[PDB]
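In: Experimental structure and sequence below, a few questions after.
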Amino acid sequence: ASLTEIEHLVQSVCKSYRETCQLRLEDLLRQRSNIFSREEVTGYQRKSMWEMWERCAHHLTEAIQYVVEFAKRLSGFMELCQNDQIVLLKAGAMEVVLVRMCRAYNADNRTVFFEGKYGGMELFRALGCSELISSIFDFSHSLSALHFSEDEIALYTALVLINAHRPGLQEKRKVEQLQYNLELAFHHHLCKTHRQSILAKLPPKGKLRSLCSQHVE
Ligand SMILES: CN(C(=O)c1c(F)cccc1Cl)c1ccc(-c2cc(C(N)=O)ccc2Cl)cc1OCC(F)(F)F
């Protein structure tokens, strides 16, 4: 790995993320002023857990489609066997989507973009998943307060995906090589953007994995 190669990898990943990021930062930030009325909230509250679920499951599917596209656009992700690509997406897809949620979270009033507007966590009362939702607000909070940039997200999410210690992989070596190259890109870009600071301040593999497991449950 040279500088052109790693600087190229940084740009590939950021471009890949920007094409696949589903909802534009632009819009997300525009729509913060805009908030659900108590009539609106009470309406989502009133629904059935089943009505809710299927709506959330529509966006989850849609969002998992975008993570896969991102992964497919990752350098040398497609040159891995089918079996490995499945291992990585099946372990990491959902972790990425959670990370990707921080963007639609607004720490300044503890709301998140849902279905066109912003709302608080009480919006999801019908699901009877208060503990879980409340964590999600907390893990999205702690990242929004490091002002995670789009390139920081792209690159971090790429390493949540490309992990040589997932079991099931047949060609570990190639993955370690993909993984390592992205670490370099992350750490390089971090040095270029004077953000070396945020490493110690990110939530560990521990948290993110244990939350995503509570989520998949
Ligand atoms: C509520 N939820 C879940 O993932 C979830 C959960 F956190 C607990 C239980 C059941 C479910 Cl389906 C969920 C699903 C899709 C979305 C979602 C909405 C949109 C959208 N445009 O509204 C787009 C993509 C997605 Cl993945 C957001 C969700 O939760 C937000 C928060 F912050 F409250 F968790």
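Out: Everything's here; your move. Numbers count the residues shown, from 1 in each chain.
In: What residues does the protein have near the ligand?
Out: 53, 56-57, 59-60, 63, 97, 101, 112, 114-115, 124, 127, 129, 132-133, 136 (CB under 6 Å from any ligand atom). Bear in mind the C-beta positions are built from the backbone N, C-alpha and C, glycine included.
In: which of these are buried?
Out: Buried by 16 or more other CB atoms under 10 Å: 63, 97, 101, 112, 114, 124, 129, 133, 136, out of these.
In: got a list of contacts for the longest helix belonging to the chain?
Out: If you go by DSSP state H, the chain has its longest helix at helix 49-73. Identification of contacts with helix 49-73 by CB atoms under 8 Å, 6 or more residues apart in numbering yields 12, 16-17, 19-22, 44, 77-78, 85, 88-89, 93-94, 96-97, 100, 115, 124, 126-128, 157-158, 161.
In: tell me how far the ends of stretch 194-202 are from each other?
Out: 16 Å (CA to CA, to the nearest Å).
In: Can you point out the buried residues in it?
Out: 195, 198, 202.
In: Quick check: closest non-adjacent residue to residue 157.
Out: residue 96 (4.7 Å; CB to CB, 6 or more residues apart in numbering).
In: Tell me which residues touch that neighbour, please.
Out: Contacts of residue 96 (CB under 8 Å, 6+ apart): 67, 70, 157, 160-161.
In: hang on, the earlier thing: please produce CSV containing the buried residues of stretch 194-202, extended by secondary structure.
Out: Compiled in CSV, the buried residues of stretch 194-202 are given as follows (DSSP: H, G, I helix; E, B strand; the rest coil):
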residue, secondary structure
195, coil
198, helix
202, coil
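In: just those now: which is nearest the ligand?
Out: Nearest to the ligand out of the buried residues of stretch 194-202 is residue 202 (CB to the nearest ligand atom; 19.2 Å).
In: how far does stretch 167-179 sit from the chain's center?
Out: Stretch 167-179 sits 22 Å away from the centroid of its parent chain (CA atoms, centre = their mean, to the nearest Å).
In: can you give me the helices for this protein?
Out: 3-20, 25-30, 38-46, 49-73, 82-101, 130-144, 150-161, 172-192, 205-216.
In: just checking, residue 84 touches residue 167?
Out: No: counting by CB atoms under 8 Å, residue 84 does not reach residue 167; the two are 11.4 Å apart.
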